[PDB]
Structure formats: C-alpha cells, structure tokens
Amino acid sequence: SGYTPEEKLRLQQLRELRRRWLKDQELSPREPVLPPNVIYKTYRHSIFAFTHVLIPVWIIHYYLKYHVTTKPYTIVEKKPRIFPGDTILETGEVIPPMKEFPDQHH
Amino acid sequence: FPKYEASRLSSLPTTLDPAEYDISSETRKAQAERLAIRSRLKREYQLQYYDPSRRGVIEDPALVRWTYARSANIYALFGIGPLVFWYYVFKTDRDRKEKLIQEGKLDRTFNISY
Amino acid sequence: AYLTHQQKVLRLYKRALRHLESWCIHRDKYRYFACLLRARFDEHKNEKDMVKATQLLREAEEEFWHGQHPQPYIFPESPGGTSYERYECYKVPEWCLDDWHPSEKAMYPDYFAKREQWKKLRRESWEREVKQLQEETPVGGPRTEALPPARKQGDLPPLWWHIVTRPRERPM
Amino acid sequence: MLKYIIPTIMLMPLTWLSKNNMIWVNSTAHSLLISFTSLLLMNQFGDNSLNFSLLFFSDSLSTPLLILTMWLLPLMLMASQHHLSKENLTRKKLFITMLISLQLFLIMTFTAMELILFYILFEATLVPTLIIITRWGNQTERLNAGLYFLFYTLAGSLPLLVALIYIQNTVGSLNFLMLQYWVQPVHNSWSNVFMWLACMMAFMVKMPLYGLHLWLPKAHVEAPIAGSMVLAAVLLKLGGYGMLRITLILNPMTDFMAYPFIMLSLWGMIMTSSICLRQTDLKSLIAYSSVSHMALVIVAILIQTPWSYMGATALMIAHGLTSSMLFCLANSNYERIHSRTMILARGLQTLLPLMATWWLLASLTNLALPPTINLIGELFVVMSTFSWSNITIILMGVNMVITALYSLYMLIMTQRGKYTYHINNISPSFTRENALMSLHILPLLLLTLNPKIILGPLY
Amino acid sequence: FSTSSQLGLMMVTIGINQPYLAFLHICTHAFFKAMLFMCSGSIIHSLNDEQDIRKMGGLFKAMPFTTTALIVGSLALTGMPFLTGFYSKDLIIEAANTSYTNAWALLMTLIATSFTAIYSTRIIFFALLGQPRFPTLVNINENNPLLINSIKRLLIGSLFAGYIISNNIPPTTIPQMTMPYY
Amino acid sequence: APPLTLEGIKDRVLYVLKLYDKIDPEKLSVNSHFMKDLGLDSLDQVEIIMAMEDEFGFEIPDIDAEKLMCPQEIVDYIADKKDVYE
Amino acid sequence: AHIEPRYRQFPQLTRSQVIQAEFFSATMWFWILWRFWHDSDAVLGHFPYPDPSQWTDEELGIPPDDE
Amino acid sequence: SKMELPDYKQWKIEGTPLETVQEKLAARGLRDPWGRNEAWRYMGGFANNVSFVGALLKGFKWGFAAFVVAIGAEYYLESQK
Amino acid sequence: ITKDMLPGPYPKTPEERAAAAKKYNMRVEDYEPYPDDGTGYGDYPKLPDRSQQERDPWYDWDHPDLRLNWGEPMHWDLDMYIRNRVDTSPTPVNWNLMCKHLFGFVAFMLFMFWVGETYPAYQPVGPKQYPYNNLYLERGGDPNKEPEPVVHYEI
Amino acid sequence: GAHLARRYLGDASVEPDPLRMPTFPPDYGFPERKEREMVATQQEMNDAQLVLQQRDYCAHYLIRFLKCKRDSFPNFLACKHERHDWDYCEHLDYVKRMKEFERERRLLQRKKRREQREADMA
Amino acid sequence: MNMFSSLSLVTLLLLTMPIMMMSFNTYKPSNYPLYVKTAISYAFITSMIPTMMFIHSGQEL
Ligand SMILES: CCCCCCCCCCCCO[C@@H]1O[C@H](CO)[C@@H](O[C@H]2O[C@H](CO)[C@@H](O)[C@H](O)[C@H]2O)[C@H](O)[C@H]1O
Ligand SMILES: CCCCCCCCCCCCO[C@@H]1O[C@H](CO)[C@@H](O[C@H]2O[C@H](CO)[C@@H](O)[C@H](O)[C@H]2O)[C@H](O)[C@H]1O
Ligand SMILES: CCCCCCCCCCCCO[C@@H]1O[C@H](CO)[C@@H](O[C@H]2O[C@H](CO)[C@@H](O)[C@H](O)[C@H]2O)[C@H](O)[C@H]1O
Ligand SMILES: CCCCCCCCCCCCO[C@@H]1O[C@H](CO)[C@@H](O[C@H]2O[C@H](CO)[C@@H](O)[C@H](O)[C@H]2O)[C@H](O)[C@H]1O
Ligand SMILES: *C(=O)CCCCCCCCCCCCC
C-alpha cells in the first residue's frame, strides 16, 4: 500500500514547516517581559488565624450578642437535660435520686 | 449466530449489511460520484477558509437552507385534544373538592395560606 | 464501502485482535489466543475464489459480532476513550493573537516578531498556492480530497496554514 | 406623576439640541438620573395606595413596573448605539425619540387611574413599537411582523374599548379607586360571558396566551435589539397588569370563564418549553421562552389568590430583567457573526471567557435557581396553583424539568464544545457590552436581598 | 456503582426505621469512599490517565502507599470487623434481619452485601496483583507529600473514625442486641 | 508525562521491531520497507502497528496505519501527532 | 526529577513511602487484633440466645390439657 | 539522551509463563512471534508478586508483634494494679 | 443567498426533482423528498435517520464536533441527532432483547417485593411493652380523660 | 427463623400472629401474675428528655448511663459498666418478649388439641 | 450558647471569605488553592468546638 510519491513529498514539506512553527512557540530567555522556617510559617498562620477567625468571630459575636439575641426567639436552645441527683445552678434545687433498683445483675 | 435485528434507535452495523459487499460497477460509480461532490464542496470551503485576508464567517448555504426550512412551517398534542383531556381532570378534581368543603368533610384545619 | 476486500479483512483482523485482548486481559493468555486467531486468517490467506473469500469474510464478521466484548478497551485519547477531547477547551486558535492589546503583545516582543514573519510568508505564498491548484485541478473540479505537493523551490504546499499552525495537543 | 412625565419629555429637547457626537452620552446620562429619581415611588403604605391626583396613582403593583420601565430606557440606548453607528444623524435622533415616547406612554399607562385613560395610553404604545420594528428592522419580514403585531393587538383592543365604555355607562365611573367600592357581582348570562371575553382578550394577546402567541416570535426575530428589550421586558407586562386590575370587576364569573384559559396556559407552557428544545434560531428560542414563562402569570392571575398575585408580580419583574438580558446576550453574538442561528457559533467560552459568565448567570435565572426572584415568583405560583388543584403539580413539575433542559442546552450549544473553525472575527467583548449585561444581572440579584418591593399590593 | 449500592443500603436503613444508623453510615462511608477515589486517582495519574483496570496490574509493590490505602479502604467498605465501615454496616444488617420487614428486601440486601466483597476483590485483584499490563515507559511515582498527606489523613479516619464516632454520639434508640448466632 | 524526542521515538520504534521474531534485527534499518526488504505481508504489518500502538499508548486509525510501510514513516507519524519537533 | 522514569523495568522507590505504607498496614492489623481481644462480642454476640423449647409449661403458665 | 533503553537481548520467554504458551502453540505447529516484547512484564522486580491473601495480610507480622507486646504490657499492669 | 438556492415546494416532475437535488448538492438518485402530505417539508431531502455519533470519528470534518462538512445537506432533525442527544449507533445486543430482559427484571423484582410484603420476616417475639399505659401522656394524650390502663406482667 | 417456615409453609393456626398477640388473657394458666415495676418516674424520663421509644421498662438504666456519660467528658471510653447494665436489661426485656411468643404458641397447641379431642369425641 | 452559637456561624462564614476575595479581587492568585485548603482546615477546627459541646451536654440550638 504505502504513500504515493506525491503523498510522501507533501508530508515531507508540511513536516518541515510544522516543526519550524513548533520551534517558534518557544519563549526567549527574556520573555515574558513583565513591567515594574517555623518562624515564617508561624507568622503566616498567625495572620490567617487573626484575619480569618478572630475578626470574623468578633463580628459574629457582636452581631449575635447585641442584635440577634435581643430579639425574641431568635436563638432557641434545647433545654439542658436534668438527671436524678443533679443540682440546678439557678435555684440551687437538688433533684432526688431514683428509687432503689430491683438489682438483677450479670 | 442469532442474526442482528435492527430498530429505529439501534441501526444495523455496516459489517453485517449485505449491500456493503457484492460490489457492482454501478455502486462504485455511485460512490465515486458522491466523493466528487464532497471534494468539490471541500475545495470551495478550503479556498475561503485558508484565504489570508478573510475575516468573518463563511456563510454555508446548507445551513441557511436548514434553518429556513425549519422556521417556515409555523402553523394529538397540538389541538383541542389535550386541552379537553386536561379540562375534565381539573374540573372533576375541583368539583369533588368543592363538594367536600361544603359538606365540611375536607380537613383544612390549618389551611390559611392560599 | 469504499474499502477494497483486502482492506476489509485487515480492519477485521485488527478489530478482532483488540476485542480478543479485552477478553483475555492477561498477556500470556492473550498471546496464546492471538496466535490461534492469526492461524485462522493464515489458513485462507491464499483463497483465490472471490465468491468464497467474500463469503469467508462475511461469516467472519458475523462471528465477530457474536463474540465481541460488550465493553472493549479504548485508548484514553481515542474516540470514546475517557480522555477524548479532554483538551479541546484549551486549544485557542492562533488568529486570537491579533486581538491582543499592545500591552499584552509587549510581554513577548520576540514571539510576536517571529509571528509576523509567518504572517508575511502566508501572505506572499497565497497567490501562488491558489494558482497551483487551479492549473492542476481537472475540469469540473477535484475528484478526491488529496492535495498536491509544491513543485518549484520556494513554493509552499498549497493549503498549509491551518495544518502547520494548528494548536498543539497539549496547548496549556 | 409629573415629576417623571416632564423630565421624560425633556429627554426629547435634550436629544435634539445635543451636539452631534453627544446624543448617546446625553440621553443615557439623563435617562439614568430619571431612573434614579423613580425610587421615590416606593413610598407605599399598608392600606392605601399612593394617589397623587385625579389622573395618576401608584400602588405596589405599578411601582416595580415603573422602576423597571425607566431603568430600561438607558439600557436600550447602550444596546442600540452600535448598530445605529452608521445611521444618518437625524434618523438617530428620531430613533431615540421613539424610545422616549414609548417610556412616556408606558409610565402613564401604569399610573392611569381611569381605565379609558389606561386604554388610550395602553393602545398608544403600538405606534412607537411598530415604527421601531418596521423602520429599523434589518430584514424583509419586518414588514409582516409589523402587521401581525398591529392587528393581533387591535383585534382584542377594539372589543375592549366597547366593553369599557359600556361599563362606565352602567356603573358611572371607570376610576379604578371608585370601581373598588362600587363593584357589583357579575351574574351568569351570555351577555356577561361576552363582556368577560371583551374585558380580557386584549390582555391575553399581549401576554401572550398560548394560541394567540404566534405574533411574538415573528416580532422578536425581526425587531432591533432595543425593540426586543422593551417588547420582552415591559410590553408583555401590559397584559398582565391589565388583567390584575380588570379582574376586580369580573367576579364571580371568573370562576368558570378561567377554565379554558388555564388549560391553554397549563398545557401551553409545557409545549412552548418543549418547542424551545428544537428551535434553531436563538432569538426565536428566547421568544418561545417568554410564552412559557408568561403562561404561569396567566394561570396565577386567573386563580386569584393572595399567593398567586404575589407570585405573578415577582414573575413579571424577574422575567423582564432576565428576558431582556438574554436578548442582549444573543445580540452581542449577532453583532459579530451576523446570524441568529444558534448552532452557527459554538464553543464561545474559549474565545469570550467573561461573556460566558454572563451567559451562565442569565441561564440560571431563566431556569429559576433559588433564591433568585425568578424562583420566588415561580414558586409562589406553584404553591397557590397546587391548592387550586393538586394535579397541577405534575404539569408545574414537568415544566421545570423542560425549562432546565433548554436553558442549559442553549448555554451548552453556544458556549461549550469546540469553536467553529472558520469564524475568525470574534473580537474581545467591549466595555459597552459587559456593562450592559451587568446592569441586567446585578439589580436582578440584588432584589433577592429585599424581595418585598416586587411582591405587589398583596404583600 | 459502589456508592449507588451504599446509598441503597442507607435507603434500606431509612426503610427499616433506623434514621440514626443511616446517618452514622453517611459519616463512616464518607471517609473510606473518598479515600478509594483518591487512591484510584493516584493510579490514574501514575499510569498516564489510564482508567481501565485491564491495563493495570503489578502495582502492589510499585505503589506501596496507594496499595495500603486501597486495601484498608476495601476492607472498610466490605465491613471488616472494627474498621470505620463496620460500626455502621454491621449494625444495619443486624437491625434489618431482626426487624418486621419485607423478606425479599432483606434477602436482596444480604446478596448485595456479598457482591460488595466481589467487586472489591475485582479492583484489588486487577489493579494491584499479577503482572503489569500498562505501557512500557514506566512513570509510576507517588511520592508527592500532598498526595501522601491527603490519603494518610483519610486512612486514619478509615480506621478509627467509626470507633470514635460510635463511642461519642448519644444513644437515641434501643439497639437490638439479642438474636440467634446465625 | 515526560516529553518525547525524535531520537527517542526512533529508538523505541526499532526496539519493538527488534523484539519481533519475523524481522532480522541485523537487516533492520529505519528505511527498511516491511514488504520489499523485510519480506513481511499485510497481516504482519497490522500487528506491527498494534505493537507501536501499545508502545506509545495511542491508536493509529486503519486509514492512516496501512500507509506506514517503513520504520521511518512510523517515527514521522508519531512525531506529528505528539507535536515533537526536537 | 527526584524519581527518574524507567523503561520496561520496576520503578524506583523512596524509603519513606515504603516505611509509611508498612507502618500504616501494621496499624490496621494491630487495631483489628486489639479490638477482638476487647470487643469480641461485637462480632460473636453479647448475650446468649435462649432456646425457647427448654422452657417449662410451669414457666410459661401452660395449664394441663384436661381442664 | 538522558534516557537509556535496556539492552534488548535480555528479554527472553524462558522460565516465564510466556514459555508455557510456546509449548502449547508448538503442539499445534504455531509459534508466537511477539513473545519477547511481552517478556519484561514477567522479569526483574515485576516477578513474584504477592497473592490475594498475601496482600490482605500485609502488615500482619508487625501488627501482631505490637499487639502481643501491648496485651502483655496490659497483662503486667493489671497483675500489679 | 439568492432565492433560487432556498427550499421550495414539493417537487413534482423529474426536472423538478433534478433541480432540487442540484440545489441541495446531492445526486439525483440519492435525492428523495419527504412524502407529499401538507406537513410542510417541501423539497427538503429525506436523509437517513442516523445519529451524528455514527459518522467516522477519524475523518477530517469541517465541523469536528458536529461531524459535518461544509455544504452537505443537513438532516431535518439534525439538532435531535447531535452527539449530545439521540444516539442510534448499533448495540452489542438486539434492541428487542434488551427491552425483554430489562422489563422482565423489573417485573420480576416487583413481583417478589409483593411476595415479601405478603409474607414478611420477623422474630419470634411479643409486642414491645411500655409503662404508664403505653406512655399515654407522653404521646400527647389528653390528661383530662382517664385512659383505660394497659397492664403488663412478668414472665 | 424456623418459626416463619412453620407458619407460612406449615400450619398457621397454631403459630402466633405477631400483629395481634397476645390472643389469650394474661392470667390464663397463671395464678397471680405480678405487674412489672417501672423504676423511673414519668418526670425523670421527662427531665432526661429520653426519646419516647427509650422510655420503656429499662429507662432507669439508660438515665444512669446518660448521666455518667455527661460527667465523664471528655473520657468517652468511660461508662463501660453503665452502658452494659442498660444493654443487659434490654436483653432480659427482649427475653421476656421471647417467652410471650412461646407461651402464645404453646397455648395454641393446647387449644387445637382441645378442639381435636372435642371434635373426634362429638 | 454564646461560644456555641458564635463558633458554629464562623465556620460557615469562614468558608465564604475565599469566595468574597476572588469576587472582590483583593486576594493574591499566587497560591489560591493553598488559601482555599487552609480555610477548610481552620473551618474544621472551629467546627469541632461546637461538636464537643454537643457531645458533652447534648447542647443543640
Ligand atoms: C388570532 C387572533 C388575531 C388574528 C388577526 C389576524 C388578522 C390578519 C393579520 C395579518 C395580516 C397580514 O396580511 C397579509 O397576510 C399574508 C399572510 O398572512 C402575508 O403574505 C405572506 O403569506 C401569504 C400566504 O400566507 C403568501 O402568499 C405571501 O407570499 C407572504 O408574503 C402578507 O404579507 C400580509 O400583508
Ligand atoms: C374562550 C371560550 C370560553 C367559553 C366559555 C363558555 C361558558 C358557558 C357559560 C354558560 C352560561 C350562560 O348563561 C346561562 O344561560 C341563560 C342566559 O341566556 C340563563 O337562563 C336564561 O336563559 C335560558 C334560555 O335557555 C332560559 O332557560 C332561562 O329561563 C333564563 O333564565 C342561564 O341561567 C345562564 O346560567
Ligand atoms: C501500634 C501500631 C503498630 C506499630 C508497628 C509499626 C510497624 C513497624 C514500622 C516499621 C515498618 C518497616 O517494615 C519493614 O521495612 C523494610 C524496609 O523496606 C521492608 O523491607 C522491604 O524493603 C527493603 C528494601 O528493599 C528490603 O528490606 C526488602 O527488599 C523488602 O522486604 C520490610 O518488608 C518491612 O517489614
Ligand atoms: C437473586 C437474583 C436477583 C436477580 C434476579 C433477576 C431475574 C430476572 C429474570 C428476567 C428474565 C427475562 O429474560 C428472559 O430471558 C430469555 C433468555 O433469552 C428470553 O428469551 C429470549 O431469547 C431467545 C431468543 O432470543 C429465546 O429463548 C426466546 O424466544 C426469547 O424470548 C426471554 O424472552 C426473557 O423473558
Ligand atoms: C428468622 O429468624 C428470620 C430471619 C430472616 C432472614 C435472615 C437470613 C439468615 C439465614 C440463616 C442461614 C445462615 C447463613 C449465614
């Protein structure tokens, strides 16, 4: 089968041009011509913590403390679970223990 | 081997087609004629595509004919048929619902958004 | 089909081997069956009755269709492969560089100097390329899509720009 | 309303007496100031509307339409000044004069307290629109598009005029405030059936109702960009606004007269969305998209619930900004490839990366991505229409599926894939074109932060 | 397809009225599934964008760290006792077959559990064991610290995360712990 | 993947041919016609292309493959597709 | 770069990848083994399953057949 | 060339599964002419790959050693405490 | 383009077929109009309903993504047959057999899910017992009514 | 279990129905059954915010465990004994339900024999 | 509740600042991927404080 002599010759000619074109896509040394250990890492994470955590949490806390929680039913807590023998901080009340267990065991 | 059975959405493979074989001088003369048309059109396209000073669009008359033929026939699932079908579904549904509301048998205990 | 009988058998052979390779997976296993399959083709290689040879081919195609792998291996960048056309979104045509702002062209003073030479070469060669095709195309238009080579020295092959300057396969 | 009517008229002397090279600068600069002052219309009260005088009033339904109308004039001048750049100077001023006269009629249409005053201004919009399409359209079929637009509208308006004059005769007034207190129920009779049809069929044509929609794709395909922006953004809304006001005096007959028109809208929205999947013309796809979106508004207005009027109000504003944006986006391509065929120029995200972001944002609003006002409006109509009949959720749900399909298909066809090899004149997006899209999308997205001002009087 | 299979198991857990087991499986599945996809990415990258398993093999020693994470991931997925996936999948199956439930649904969930071992062996057997089947120019490299650290953290989760979470969440049901050995 | 070079492609193209038992590794040269010089037939040429496909990890279509008749033609074909200009 | 590619040969490895892989594979097996020793009931069952037939009619309150 | 190709003479089918295939084809009168091109996959560091059980047991030798020590360390403390 | 190069009415005569084919860049033998029946096709050629995915992927098309050449007649439903939409390429299995096996699998699965519902699995265990009258008050029971007590005994 | 095989594929009238049992009076065959005692009061389960399904006859062991869980934070490996106590109670509660099923089965066996004996002797 | 509620929101707010900087374009694309990776790693830590509170006293709000 193979290339005919004209088919072969044309590929040879486009080959020379294509490879010269690809060679011309290379950048010269000056191009592009732009216009005019732990101590460093610790600083880099100190700034990120401050700007991305401390400042946001300062803003959130001020927002939640003085604008959100001053409105009714904006933040609603599931009331704390009380267990037998607990003591209420608000009223100093003691919750009675549970009654004596039948005391099966294994 | 179980023969291939062709559907609308599953066409017959070329390798299983008796036409593709049994070459006839007329079929080759038909194939050679189609290639001539394709090469004539390819040359016509290439002489504009490769022109150094052409900046624009190579208007394709085949694409113009296609859109023109598609946009022309401006004017089942397109008549009274679908409309009447849906008329009775909603009329029947809303008639039953209205009767239940009047008979107090429809629960709207907390329905106050409409 | 445009393909000769000789071309049809070869395409089946390559197709049959590839689907056989999908079934076997293991190379030693594939080698054993690949040689058995080559034997089947070698058996009728010298058949001289083109009605029998044509029959042998058609039956072979039917057997391949029954035995083909439902999920044959595809090279990642071949049509249907998992990387086919993956990079087309990074291929930008070269004419886009004409619209660059001067400040953008100033960062590559040497690339854009070479680019102008190619554009000059394209402008100077075009008229000869058009003439060469006109005086080689038979009356009525071309009969095939094959294009000629350049004949004279200092002539470029007709219709070369979009072949030579096409984007790289890994443009970015 | 004279604090807006007079400044709008002053745009005419300003344009005509401006230096030759400054017509586009001066008109755009001062039309934006008028748009700025239009925010004073938002002094709305819970109970009473804003009734300036015997002629004009504003409530929560007309205010967002008034602000949309005046915002659109500066956007149409930006969209227009390119393809008119070679036009004769005087003909440039007349083109701008037609846009100014259209704003003038429109702001008076939305504030007229008298329905017959509304009708005259409602019907006066035809003249500038028809002139824009037929004079500054670019194709042969702009003449037929003019006639279809003209005679579809008049076919419905002339019955409307007779019905309104009849109503003033028997009620004594057509003042909208008066009609709120003196309205009487409409009883069943063939006479009242035709009074109902006359009062509504003029508005159904402008929406347009499916079945009467075929004038709209014709007009869009043939109109210049500015004609398409006003037509899609505001002129379609005239029908919706008219139906929201006129249905007050059609009860309770609207209970059963609505049925055929709800069926046309419920089925029509599914078919028009499906048609959008096979459209080959980009402008024609967006036109059929409006028919699908406006069918929701017809259904919402006809079922007459507090949630359906809030939804319909939001839909009209949201669709106005979205449809206008989509037309401008397709025009930016057309100014390059000079064709409306959607499949002609592909893979444009590669060549125009920022314009591909505008295309994405516009498509997302078209398919109503939460929490855009496009979804808020669409959702409220779905919630209320479900109450009207649960089965409608199927048609509503299907339409959202199809709406997603063609919105992203239009995005994928033109912006993704491989670029068309032979199209080599895709110049970088101009600052004018980028600013035009940002002026559609930014206000549209900002309204999510405060959507109550586009939810109408039932909010 | 493993993820679809696992999502079905979560939906089964919803069906047998075990919302919290379904949630625990979401959390545990998150660790080893995301690791398997990253282990696969390590292989695909090293074999020049090759994804077909038929052209892999012999990677057990060539990619030691990828191999370790891929075995841990496959064992976690299949419900090896005391890895991250055991603390949800094992509970779910016991709940399903000690419940008033559709018998066909139960059987199909057990057969699918068996299939999970089959296609996990399939990836391990063809990707890692045997002789190499990839092209000749060997570019296997998996020594980037970003690749190692990212998989290393998910490897640790795939081991202990199930244990850590199962011991810290409050109880919200009566876990059925009395049943026949079989 | 690491880049290719013209001499690298030629080295590997011959390397594969040198591991084929129907070719004489001594008679082999970049310009040997697989048919005229090496005595191979159409069926062996197909297998050679498949071996080069497996070597470089990409497919050569049958329309292009049948024309590659000497090792140099294969080398030239690969370089064109991989944009190798060395 | 730090790992030169090879041709038709086993690839080059660093020590760290081999050591780390071996360490984490052992960590898996220590963790599995340690847990058996402490939580073997999670795999075998926490409580015995009674045989329901070993219960007497007296226990279950089944009265005699006659009355 | 930076790169170097290993000498092609070393790729032989003997002692590998490729040899076994040759006898089977030999009994049929056939030969496998690409066998050497496949040989590298069965040689050098690619020979003697672990089995499936061997793979699953990777790390068992030292995981077991640490477990035996840990339980003994626990066994001591309980006896004291 | 000139009006003579646009589509027209259904061709009637052999010369109206000959001229239509030339307009569409087709052989007259290969040209076939859609059957005349007022649907509105006109003289547009009826091309095989084949997806664009079925065309040669290696041929150098003018539009590689659409696999179309410049100037060739576009199928009436080309937008339905782009590579993103309807595909008609041959399947390794027969279409009818795929439908039988897929439906049969679904029909069988639904049958056995029904059998499972009719004959559920469960453990040999009595109903779970809750104190305080089946937790009458905890489950929102009205306290003013006194519920009939639920009594549980040891065993 | 085998119980399903006996019921569906065997005789169903002598196998308990899980949805309806018990189908016999609580006292039948039992002279003086003692009522189960509930250690935890309703208020204790309310304050503990136990899930309603967890408010069964073992809820006092659950409350004790939950309290010990809160107090031993962050030691999440505490409460070994408390967790087991609750788990073990739930086992005995399940075993009681196993006895109920067997009692129901055996009574049905007795019934059928009674019906058979009063059938053949008719 | 002040620490619980405040910290459960900064987790969500922290994930958005990288988005705001890209959109507001006052960032530095020198190593944006590392910036986004760092933001997740901090957001993970801030989300552990609310989780421990839930594990401890069952707190929910
Ligand atoms: C449905 C509610 C409202 C309906 C109102 C309908 C009233 C008629 C409005 C359009 C009037 C247009 O009047 C005339 O119509 C025909 C087609 O319609 C157009 O003519 C066009 O169509 C005809 C036939 O369809 C062709 O023969 C002709 O070549 C073409 O130009 C004319 O160019 C237009 O001037
Ligand atoms: C877009 C198309 C929309 C189509 C909508 C079709 C709606 C059909 C409405 C039918 C109702 C017409 O109105 C109905 O007819 C007549 C008025 O002449 C009234 O009845 C009156 O005339 C009839 C004459 O037959 C007498 O029998 C009756 O004694 C008298 O009271 C009915 O009490 C009234 O309910
Ligand atoms: C409490 C958690 C459990 C703690 C126990 C931790 C496990 C011990 C950590 C060190 C693991 C080192 O593991 C050991 O490393 C060497 C170094 O490669 C491996 O050795 C392997 O590579 C080297 C280099 O070729 C050669 O010794 C040998 O060819 C090969 O077998 C051993 O096969 C492996 O057993
Ligand atoms: C625990 C297992 C869970 C999964 C269980 C899945 C079971 C699903 C069983 C579905 C069976 C349906 O598939 C069934 O197969 C046979 C085998 O060809 C088909 O048979 C078909 O093939 C050949 C011809 O092509 C002929 O036998 C027959 O004429 C034809 O109908 C049936 O037409 C089809 O109904
Ligand atoms: C009976 O108790 C109902 C159980 C429902 C099906 C569970 C499947 C267990 C089969 C037992 C054989 C052992 C094979 C692991």
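Residues numbered from 1 in each chain as written, not as in the entry; some residues may be left out. Chains lettered and ligands numbered in written order. Part of a larger assembly, values for the part shown. Heavy atoms only, no water. Residues with missing side-chain atoms left out of burial classes, pairs and counts.

- In the PDB header, cryo-EM is given as the technique by which the entry was determined, and 2.4 Å as its resolution.

Overview of helix α2 (residues 27-43) of chain C
Along an α-helix, a turn takes 3.6 residues, which lines up residues three or four apart on a common side.
Here's step 1: Its 17 residues give α2(C) an end-to-end C-alpha distance of 24 Å, which sits within 8% of 24 Å, the value for a rise of 1.5 Å per residue.
Here's step 2: Residues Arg27(C), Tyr30(C), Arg31(C), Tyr32(C), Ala34(C), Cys35(C), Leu36(C), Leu37(C), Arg38(C) and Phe41(C) constitute the buried set of α2(C).
Here's step 3: If you follow the buried residues of α2(C), they end up packed against α1 (5-24) of chain C, α2 (42-56) of chain F together with α1 (17-26) of chain H. (Helix = DSSP H or I, 4+ residues; strand = E, 2+ residues; numbered from the N terminus. Expected span 1.5 Å × (residues − 1). Buried < 20%, exposed > 50% of the residue type's maximum accessible area, 1.4 Å probe, protein only. Contact = heavy atoms within 4.5 Å.)

Details of the packing of aromatic side chains
All names here are of chain B.
Here's step 1: Using the criterion set out here, one finds 75 aromatic pairs over all chains in the structure.
Here's step 2: Ring centres of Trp86 and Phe90 lie 5.6 Å apart, and the angle between their planes is 20 degrees; on these two criteria the pair is classed as stacked. Highlighted residues: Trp86 and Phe90, both in helix α3 (residues 80-102), separated by 4 residues, approximately one helical turn.
Here's step 3: Judged by its relative accessible area of 16%, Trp86 is buried. (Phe/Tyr/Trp six-rings, centres within 6.5 Å; stacked < 30°, edge-to-face > 60°.)

Thoughts on the environment of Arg106(J)
Here's step 1: When you line up the elements, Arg106(J) lands in helix α4 (residues 80-120).
Here's step 2: Residue class for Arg106(J) comes out buried when judged on its relative accessible area of 13%.
Here's step 3: When the C-alpha positions of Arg106(J) and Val14(J) are compared, they lie 8.2 Å apart, and in sequence the two are 92 residues distant.
Here's step 4: The residues contacting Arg106(J), other than those within four sequence positions of it, are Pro52(G), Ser53(G), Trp55(G), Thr56(G), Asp57(G), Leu60(G) and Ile62(G).

Topic: the interface of chain I and chain B
Here's step 1: Contacts between the two partners involve 36 residues from chain I, matched on the other side by 34 residues from chain B.
Here's step 2: Summed over both partners, the interface of chain I with chain B buries about 3,300 Å², with 56% contributed by carbon and sulfur atoms.
Here's step 3: Three residues stand out in chain I for area buried against chain B, namely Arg27(I), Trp70(I) and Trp95(I), and they jointly supply 24% of the buried area on that side.
Here's step 4: A salt bridge links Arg27(I) to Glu33(B), with the nearest nitrogen and oxygen atoms 3.8 Å apart.
Here's step 5: In this structure, the connection of chain I to chain B is made through 20 residue pairs in polar contact. (Buried area = accessible area lost by both parts, 1.4 Å probe. Salt bridge = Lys/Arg side-chain N within 4 Å of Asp/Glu carboxyl O. Polar contact = N/O pair within 3.5 Å; in protein donor to acceptor, adjacent residues only side chain to side chain.)

Quick word on the site of ligand 4
Here's step 1: All residues adjacent to ligand 4 are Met108(E), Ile111(E), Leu97(I), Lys100(I), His101(I), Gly104(I), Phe105(I), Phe108(I) and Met109(I).
Here's step 2: With respect to ligand 4, the chains having nearby residues are chains E and I.
Here's step 3: Within the side chain of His101(I), an N or O atom sits 3.4 Å from an oxygen atom of ligand 4.
Here's step 4: Computed on the free molecule, ligand 4 has an accessible area of 770 Å², of which 37% lies beneath the protein chains in the complex.
Here's step 5: Among the elements of the structure, α6 (103-127) of chain E together with α3 (95-118) of chain I are those that each provide at least two residues to the shell around ligand 4.
Here's step 6: Here the residues of the shell around ligand 4 sort into 6 nonpolar, 2 polar and 1 charged. (Near = heavy atom within 4 Å. Areas by Shrake-Rupley, 256 points an atom, 1.4 Å probe, with all protein chains shown as cover. Nonpolar A, V, L, I, M, F, W, Y, C, P; charged D, E, K, R; others polar.)

Structural notes on the site of ligand 5
Here's step 1: For ligand 5, the full set of nearby residues is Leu106(E), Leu110(E), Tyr182(E), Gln123(I), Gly1(J), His3(J) and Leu4(J).
Here's step 2: Those chains with residues close to ligand 5 are chains E, I and J.
Here's step 3: In the environment of ligand 5, an oxygen atom lies 3.0 Å from a nitrogen or oxygen atom belonging to the side chain of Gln123(I).
Here's step 4: At 2.2 Å, a backbone N or O of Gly1(J) approaches an oxygen atom of ligand 5.
Here's step 5: About the coverage of ligand 5: the protein hides 53% of its 490 Å² of free accessible area.
Here's step 6: Among the secondary structure elements, those contributing two or more residues to the shell around ligand 5 are α6 of chain E together with α1 (2-9) of chain J.
Here's step 7: Tallied by class, the residues present in the shell around ligand 5 amount to 4 nonpolar, 3 polar and no charged.

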